[PDB]
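For reference, protein.cif (mmCIF, N, CA and C atoms):
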data_start
#
loop_
_atom_site.label_atom_id
_atom_site.label_comp_id
_atom_site.auth_asym_id
_atom_site.auth_seq_id
_atom_site.Cartn_x
_atom_site.Cartn_y
_atom_site.Cartn_z
N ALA A 7 0.82 -1.24 0.00
CA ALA A 7 0.00 0.00 0.00
C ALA A 7 0.85 1.28 0.00
N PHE A 8 2.06 1.21 0.53
CA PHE A 8 2.92 2.39 0.57
C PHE A 8 3.17 2.97 -0.83
N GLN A 9 3.54 2.12 -1.78
CA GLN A 9 3.81 2.57 -3.14
C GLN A 9 2.60 3.27 -3.74
N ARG A 10 1.44 2.63 -3.61
CA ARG A 10 0.19 3.18 -4.15
C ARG A 10 -0.26 4.46 -3.46
N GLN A 11 -0.22 4.48 -2.14
CA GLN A 11 -0.67 5.65 -1.39
C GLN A 11 0.31 6.82 -1.32
N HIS A 12 1.61 6.54 -1.31
CA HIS A 12 2.58 7.61 -1.14
C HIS A 12 3.69 7.85 -2.16
N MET A 13 3.91 6.93 -3.10
CA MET A 13 4.99 7.15 -4.07
C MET A 13 4.56 7.67 -5.43
N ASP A 14 5.24 8.71 -5.89
CA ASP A 14 5.02 9.30 -7.21
C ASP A 14 6.31 10.02 -7.59
N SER A 15 7.36 9.21 -7.76
CA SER A 15 8.70 9.67 -8.07
C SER A 15 8.89 10.66 -9.22
N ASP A 16 8.15 10.49 -10.31
CA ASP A 16 8.33 11.36 -11.47
C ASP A 16 7.46 12.61 -11.58
N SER A 17 6.78 12.98 -10.50
CA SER A 17 5.94 14.17 -10.52
C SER A 17 6.54 15.28 -9.66
N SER A 18 6.13 16.51 -9.94
CA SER A 18 6.59 17.67 -9.21
C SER A 18 5.53 18.75 -9.43
N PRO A 19 4.34 18.57 -8.83
CA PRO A 19 3.22 19.52 -8.97
C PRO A 19 3.45 20.85 -8.27
N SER A 20 2.62 21.83 -8.62
CA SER A 20 2.71 23.16 -8.06
C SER A 20 1.47 23.47 -7.22
N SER A 21 1.52 24.58 -6.48
CA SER A 21 0.41 24.99 -5.63
C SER A 21 -0.91 25.07 -6.39
N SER A 22 -1.84 24.30 -5.82
CA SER A 22 -3.23 23.96 -6.15
C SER A 22 -3.60 24.04 -7.59
N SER A 23 -2.95 23.09 -8.26
CA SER A 23 -3.08 22.73 -9.64
C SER A 23 -4.12 21.65 -9.39
N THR A 24 -4.32 20.78 -10.37
CA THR A 24 -5.28 19.71 -10.26
C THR A 24 -4.65 18.41 -9.77
N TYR A 25 -3.34 18.43 -9.53
CA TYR A 25 -2.62 17.23 -9.12
C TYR A 25 -3.32 16.34 -8.12
N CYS A 26 -3.54 16.84 -6.92
CA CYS A 26 -4.18 16.04 -5.90
C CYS A 26 -5.55 15.52 -6.30
N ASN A 27 -6.35 16.34 -6.97
CA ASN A 27 -7.68 15.91 -7.42
C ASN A 27 -7.51 14.65 -8.27
N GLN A 28 -6.56 14.71 -9.19
CA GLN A 28 -6.30 13.59 -10.08
C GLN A 28 -5.67 12.38 -9.40
N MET A 29 -4.64 12.61 -8.60
CA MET A 29 -3.92 11.52 -7.94
C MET A 29 -4.66 10.79 -6.83
N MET A 30 -5.39 11.53 -5.99
CA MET A 30 -6.13 10.88 -4.91
C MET A 30 -7.13 9.89 -5.52
N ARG A 31 -7.72 10.26 -6.65
CA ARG A 31 -8.67 9.36 -7.29
C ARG A 31 -7.91 8.22 -7.96
N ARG A 32 -6.85 8.56 -8.69
CA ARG A 32 -6.07 7.56 -9.39
C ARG A 32 -5.47 6.50 -8.46
N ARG A 33 -5.10 6.90 -7.24
CA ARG A 33 -4.51 5.97 -6.29
C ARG A 33 -5.52 5.32 -5.33
N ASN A 34 -6.80 5.38 -5.72
CA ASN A 34 -7.88 4.75 -4.96
C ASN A 34 -8.17 5.27 -3.55
N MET A 35 -8.06 6.58 -3.34
CA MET A 35 -8.33 7.12 -2.01
C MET A 35 -9.58 8.01 -1.95
N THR A 36 -10.45 7.86 -2.94
CA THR A 36 -11.69 8.64 -3.00
C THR A 36 -12.88 7.73 -3.25
N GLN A 37 -12.71 6.45 -2.92
CA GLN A 37 -13.77 5.47 -3.11
C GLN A 37 -14.58 5.28 -1.83
N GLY A 38 -15.87 5.58 -1.90
CA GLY A 38 -16.72 5.44 -0.73
C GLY A 38 -16.76 6.74 0.06
N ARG A 39 -15.61 7.38 0.17
CA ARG A 39 -15.48 8.65 0.89
C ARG A 39 -14.15 9.29 0.49
N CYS A 40 -14.00 10.59 0.73
CA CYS A 40 -12.76 11.28 0.38
C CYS A 40 -11.74 11.22 1.52
N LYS A 41 -10.60 10.57 1.29
CA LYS A 41 -9.57 10.51 2.32
C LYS A 41 -9.16 11.96 2.58
N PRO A 42 -9.30 12.44 3.83
CA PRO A 42 -8.96 13.81 4.25
C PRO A 42 -7.56 14.35 3.95
N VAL A 43 -6.54 13.58 4.25
CA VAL A 43 -5.20 14.07 4.02
C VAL A 43 -4.31 12.95 3.52
N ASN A 44 -3.32 13.32 2.72
CA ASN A 44 -2.38 12.33 2.22
C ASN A 44 -1.17 13.05 1.66
N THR A 45 -0.02 12.38 1.72
CA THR A 45 1.23 12.94 1.22
C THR A 45 1.84 12.01 0.19
N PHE A 46 2.37 12.59 -0.88
CA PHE A 46 3.03 11.84 -1.93
C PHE A 46 4.50 12.25 -1.87
N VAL A 47 5.39 11.30 -2.16
CA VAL A 47 6.82 11.55 -2.13
C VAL A 47 7.37 11.52 -3.55
N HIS A 48 8.00 12.62 -3.95
CA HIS A 48 8.55 12.75 -5.29
C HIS A 48 10.06 12.53 -5.33
N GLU A 49 10.48 11.34 -4.94
CA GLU A 49 11.90 10.97 -4.93
C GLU A 49 12.00 9.55 -5.45
N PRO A 50 13.18 9.15 -5.95
CA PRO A 50 13.32 7.79 -6.47
C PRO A 50 12.97 6.79 -5.37
N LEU A 51 12.36 5.68 -5.76
CA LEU A 51 11.97 4.66 -4.79
C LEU A 51 13.15 4.18 -3.96
N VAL A 52 14.31 4.02 -4.60
CA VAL A 52 15.49 3.55 -3.88
C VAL A 52 15.92 4.50 -2.76
N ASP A 53 15.81 5.81 -2.97
CA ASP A 53 16.21 6.77 -1.94
C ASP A 53 15.23 6.74 -0.77
N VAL A 54 13.95 6.55 -1.06
CA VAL A 54 12.96 6.49 0.01
C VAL A 54 13.17 5.19 0.80
N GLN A 55 13.46 4.10 0.09
CA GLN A 55 13.68 2.81 0.75
C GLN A 55 14.89 2.86 1.68
N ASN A 56 15.91 3.62 1.29
CA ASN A 56 17.11 3.73 2.12
C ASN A 56 16.85 4.43 3.46
N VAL A 57 15.73 5.14 3.58
CA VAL A 57 15.40 5.82 4.83
C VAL A 57 15.31 4.81 5.98
N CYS A 58 14.90 3.59 5.65
CA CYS A 58 14.77 2.52 6.64
C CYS A 58 16.10 2.17 7.31
N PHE A 59 17.19 2.76 6.82
CA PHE A 59 18.52 2.50 7.36
C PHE A 59 19.20 3.81 7.74
N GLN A 60 18.38 4.82 8.03
CA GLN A 60 18.90 6.11 8.42
C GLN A 60 18.59 6.37 9.89
N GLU A 61 18.18 7.58 10.25
CA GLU A 61 17.93 7.90 11.66
C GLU A 61 16.68 7.27 12.28
N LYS A 62 16.89 6.38 13.25
CA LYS A 62 15.79 5.71 13.93
C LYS A 62 15.15 6.70 14.92
N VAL A 63 13.82 6.75 14.93
CA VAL A 63 13.08 7.65 15.80
C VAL A 63 11.77 7.01 16.27
N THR A 64 11.12 7.65 17.24
CA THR A 64 9.84 7.16 17.75
C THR A 64 8.75 7.62 16.79
N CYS A 65 7.83 6.72 16.46
CA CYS A 65 6.74 7.02 15.53
C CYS A 65 5.73 8.05 16.04
N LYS A 66 4.96 8.61 15.11
CA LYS A 66 3.93 9.62 15.41
C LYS A 66 2.55 8.96 15.34
N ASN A 67 2.50 7.67 15.67
CA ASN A 67 1.27 6.90 15.68
C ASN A 67 1.65 5.55 16.25
N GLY A 68 0.89 4.50 15.95
CA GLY A 68 1.26 3.21 16.48
C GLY A 68 2.73 2.98 16.16
N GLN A 69 3.39 2.17 16.99
CA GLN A 69 4.79 1.83 16.81
C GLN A 69 5.02 1.17 15.44
N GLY A 70 6.12 0.46 15.25
CA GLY A 70 6.37 -0.17 13.95
C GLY A 70 7.76 0.12 13.42
N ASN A 71 8.56 0.79 14.24
CA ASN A 71 9.93 1.16 13.88
C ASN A 71 9.93 2.24 12.82
N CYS A 72 10.15 3.48 13.25
CA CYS A 72 10.17 4.61 12.34
C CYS A 72 11.56 5.18 12.15
N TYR A 73 11.79 5.74 10.97
CA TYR A 73 13.08 6.31 10.64
C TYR A 73 12.89 7.65 9.96
N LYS A 74 13.75 8.60 10.30
CA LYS A 74 13.70 9.93 9.72
C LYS A 74 14.79 10.04 8.66
N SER A 75 14.44 10.63 7.53
CA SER A 75 15.38 10.79 6.42
C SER A 75 16.54 11.72 6.80
N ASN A 76 17.74 11.37 6.36
CA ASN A 76 18.90 12.20 6.66
C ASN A 76 18.74 13.54 5.95
N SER A 77 18.11 13.51 4.78
CA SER A 77 17.91 14.71 3.99
C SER A 77 16.43 15.05 3.80
N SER A 78 16.15 16.31 3.52
CA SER A 78 14.78 16.73 3.28
C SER A 78 14.43 16.17 1.90
N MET A 79 13.16 15.85 1.69
CA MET A 79 12.72 15.30 0.42
C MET A 79 11.58 16.12 -0.17
N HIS A 80 11.38 15.98 -1.47
CA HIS A 80 10.32 16.70 -2.16
C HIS A 80 9.02 15.91 -2.05
N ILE A 81 8.03 16.50 -1.39
CA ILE A 81 6.75 15.87 -1.18
C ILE A 81 5.62 16.82 -1.55
N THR A 82 4.40 16.31 -1.49
CA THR A 82 3.21 17.10 -1.78
C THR A 82 2.12 16.65 -0.82
N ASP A 83 1.53 17.60 -0.11
CA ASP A 83 0.46 17.28 0.81
C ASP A 83 -0.86 17.56 0.10
N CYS A 84 -1.80 16.62 0.22
CA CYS A 84 -3.12 16.77 -0.37
C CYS A 84 -4.08 16.93 0.80
N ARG A 85 -4.94 17.94 0.75
CA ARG A 85 -5.90 18.20 1.83
C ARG A 85 -7.28 18.54 1.27
N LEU A 86 -8.30 17.77 1.67
CA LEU A 86 -9.68 17.98 1.20
C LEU A 86 -10.10 19.44 1.39
N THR A 87 -10.67 20.03 0.34
CA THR A 87 -11.13 21.42 0.41
C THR A 87 -12.44 21.50 1.19
N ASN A 88 -12.77 22.68 1.68
CA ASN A 88 -13.98 22.89 2.48
C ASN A 88 -15.29 22.60 1.75
N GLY A 89 -15.41 23.05 0.50
CA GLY A 89 -16.63 22.82 -0.24
C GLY A 89 -16.66 21.51 -0.99
N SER A 90 -16.01 20.49 -0.43
CA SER A 90 -15.95 19.19 -1.07
C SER A 90 -16.82 18.13 -0.40
N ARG A 91 -17.75 17.55 -1.16
CA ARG A 91 -18.63 16.51 -0.64
C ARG A 91 -18.71 15.34 -1.61
N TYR A 92 -18.38 14.15 -1.12
CA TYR A 92 -18.41 12.92 -1.91
C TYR A 92 -19.70 12.89 -2.73
N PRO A 93 -19.67 12.32 -3.95
CA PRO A 93 -18.59 11.67 -4.70
C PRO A 93 -17.57 12.65 -5.27
N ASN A 94 -17.91 13.93 -5.24
CA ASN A 94 -17.03 14.97 -5.74
C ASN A 94 -15.97 15.25 -4.68
N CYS A 95 -14.75 14.78 -4.90
CA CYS A 95 -13.67 14.99 -3.95
C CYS A 95 -12.66 16.02 -4.47
N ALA A 96 -12.61 17.18 -3.82
CA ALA A 96 -11.70 18.25 -4.21
C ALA A 96 -10.58 18.44 -3.19
N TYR A 97 -9.35 18.61 -3.68
CA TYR A 97 -8.18 18.76 -2.82
C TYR A 97 -7.28 19.97 -3.09
N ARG A 98 -6.63 20.44 -2.04
CA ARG A 98 -5.67 21.53 -2.16
C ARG A 98 -4.33 20.81 -2.33
N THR A 99 -3.52 21.26 -3.28
CA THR A 99 -2.21 20.67 -3.55
C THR A 99 -1.13 21.58 -2.94
N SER A 100 -0.32 21.02 -2.04
CA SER A 100 0.73 21.80 -1.39
C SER A 100 2.12 21.16 -1.44
N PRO A 101 2.94 21.55 -2.42
CA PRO A 101 4.30 21.00 -2.54
C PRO A 101 5.17 21.52 -1.40
N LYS A 102 6.03 20.66 -0.87
CA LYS A 102 6.92 21.06 0.22
C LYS A 102 8.22 20.26 0.16
N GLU A 103 9.23 20.76 0.86
CA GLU A 103 10.52 20.09 0.96
C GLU A 103 10.75 19.86 2.44
N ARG A 104 10.53 18.63 2.90
CA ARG A 104 10.71 18.32 4.31
C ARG A 104 11.33 16.95 4.54
N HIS A 105 11.86 16.75 5.74
CA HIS A 105 12.42 15.45 6.10
C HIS A 105 11.17 14.61 6.33
N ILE A 106 11.22 13.33 5.96
CA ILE A 106 10.05 12.49 6.16
C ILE A 106 10.34 11.39 7.16
N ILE A 107 9.29 10.86 7.78
CA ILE A 107 9.44 9.79 8.75
C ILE A 107 8.55 8.64 8.29
N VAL A 108 9.15 7.46 8.13
CA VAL A 108 8.42 6.28 7.68
C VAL A 108 8.56 5.10 8.62
N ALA A 109 7.59 4.20 8.57
CA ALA A 109 7.60 2.99 9.37
C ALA A 109 8.03 1.91 8.39
N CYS A 110 8.99 1.08 8.78
CA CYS A 110 9.47 0.03 7.89
C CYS A 110 9.22 -1.35 8.47
N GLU A 111 8.99 -2.31 7.59
CA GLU A 111 8.72 -3.69 7.98
C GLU A 111 8.94 -4.65 6.81
N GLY A 112 9.00 -5.94 7.13
CA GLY A 112 9.15 -6.97 6.12
C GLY A 112 10.54 -7.36 5.69
N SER A 113 10.58 -8.22 4.68
CA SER A 113 11.81 -8.71 4.09
C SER A 113 11.56 -8.84 2.59
N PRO A 114 12.13 -7.94 1.78
CA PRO A 114 13.00 -6.83 2.18
C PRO A 114 12.37 -5.83 3.15
N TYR A 115 13.22 -5.26 4.00
CA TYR A 115 12.81 -4.27 5.00
C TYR A 115 12.66 -2.95 4.25
N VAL A 116 11.42 -2.52 4.04
CA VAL A 116 11.15 -1.30 3.29
C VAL A 116 10.04 -0.49 3.97
N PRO A 117 9.75 0.72 3.47
CA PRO A 117 8.69 1.53 4.09
C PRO A 117 7.31 0.92 3.85
N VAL A 118 6.46 0.96 4.88
CA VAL A 118 5.11 0.43 4.75
C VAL A 118 4.05 1.47 5.15
N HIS A 119 4.47 2.46 5.92
CA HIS A 119 3.57 3.53 6.34
C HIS A 119 4.32 4.86 6.35
N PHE A 120 3.63 5.92 5.93
CA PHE A 120 4.22 7.26 5.94
C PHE A 120 3.77 7.84 7.28
N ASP A 121 4.70 7.99 8.21
CA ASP A 121 4.38 8.51 9.53
C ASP A 121 4.09 10.00 9.54
N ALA A 122 5.02 10.80 9.02
CA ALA A 122 4.84 12.25 8.99
C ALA A 122 6.01 12.94 8.31
N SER A 123 5.85 14.24 8.07
CA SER A 123 6.90 15.06 7.47
C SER A 123 7.36 15.98 8.61
N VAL A 124 8.66 16.21 8.70
CA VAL A 124 9.23 17.03 9.77
C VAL A 124 9.20 18.55 9.60
N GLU A 125 9.11 19.24 10.74
CA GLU A 125 9.05 20.70 10.84
C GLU A 125 7.61 21.15 10.99
#

Written as structure tokens, how would this file's structure read?
Amino acid sequence: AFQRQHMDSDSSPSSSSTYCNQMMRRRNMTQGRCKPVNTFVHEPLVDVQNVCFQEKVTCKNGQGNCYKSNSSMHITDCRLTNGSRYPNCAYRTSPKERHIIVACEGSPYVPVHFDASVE
């Protein structure tokens, strides 16, 4: 689910373009109801995966072993707009450069949950 919900390596959207409107639907987060908030990471998959071997930190939700990126990364926050009511799901697109925190699990040990962005 991490790849589908949070990875979009080849994109670099701008402030409240149609990006989030398009992506939240494309990545299956507007079915049944509009997912309120979500973040996409615009970095190569390999660099995001390497975060699992960087700075270990306490998670911002259930445990699961979280790690903070050594470097800030290019992300985009999607946030449901006020005048948005299902089935019509409208989002504000907010590009940012922040350190990210992910929960890693499995074998291979890779990111499985996006915990939060720093700052």

Just the alpha helix (DSSP H) stuff from segment 42-115 of chain A, please, per backbone DSSP, written as a list in words.
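Checking each residue of segment 42-115 of chain A, the alpha helix (DSSP H) ones are residues 51, 52, 53, 54 and 55 of chain A.
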
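Taking all atoms listed in the file into account, those protein, DNA and RNA residues with any atom at most 8 Å away from (-6.0, 10.7, -0.6) amount to residues 11, 26, 29, 30, 31, 33, 34, 35, 36, 40, 41, 42, 43, 44, 45, 84, 85 and 86 of chain A.
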
Would you kindly translate the PyMOL selection byres (((chain A and resi 17 and name CA) around 10) and name CA) into the concrete residues it picks from this file, as a ChimeraX atom specification?
/A:13-16,18-20,25,46-49,80-82

Residues returned when the PyMOL selection byres (((chain A and resi 73 and name CA) around 10) and name CA) runs on this file, as number ranges by chain
A: 56-65, 70-72, 74-76, 106-110, 117, 121

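Distance check against residue 66 of chain A using all atoms listed in the file: of A:37, A:22, A:50, A:120, the minimum falls on A:120.
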
According to DSSP computed on the backbone, where in chain A is there strand (DSSP E or B)? Give the residues as a ChimeraX atom specification.
/A:13,43-47,61-63,72-74,79-86,97-104,106-111,116-123

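The space between atom CA of residue 8 of chain A and atom CA of residue 88 of chain A spans 26.6 Å.
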
Smallest atom-to-atom distance to residue 24 of chain A: which of A:111, A:96, A:103, A:122, using only C-alpha atoms?
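Of A:111, A:96, A:103, A:122, the one nearest residue 24 of chain A, counting only C-alpha atoms, is A:96.
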
In Å and to one decimal, atom CA of residue 23 of chain A is distant from atom C of residue 101 of chain A by 11.7 Å

How far is it from atom CA of residue 77 of chain A to atom CA of residue 125 of chain A, in Å with one decimal?
12.7 Å

Tell me which of A:7, A:51, A:116, A:95 sits closest to residue 27 of chain A, counting only C-alpha atoms.
A:95
